[PDB]
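Just the one chain here, laid out as structure tokens, in the form deposited in one PDB entry.
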């Protein structure tokens, strides 16, 4: 499923124009990236959460020269799937 296909399904499910599903979806994703980038957590009950995670510096190694090197500290976006998402993907047994 791409963005186009998702819009198709959404426009159908929510009874909005394929434009509007696209309009609202694009703004939603753009907003999530914005909130995460300025360090807010985006929380969507059942689905999951998105946040920025700190990554400390660590050592790597150059595969060409074998030289040890330092990967500097960074931040990365992170997703944690909510309980409904996890259980649809893996229906509980025990």
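Numbering follows the first chain given and starts at 1. By rigid core we mean the largest C-alpha set that fits within 1.5 Å across both forms.
If you look for the form deposited in another entry, you will not find it shown, but the lines that follow are about it.
Once both forms are overlaid on the rigid core, the distance between the two CA positions of residue 39 between this form and the one not shown is under 2 angstroms. Remark: with the core as the superposition reference, the CA shift of residue 53 between this form and the one not shown stays below 2 Å.
With the core held fixed between this form and the one not shown, residue 30 has its Cα displaced by under 2 Å.
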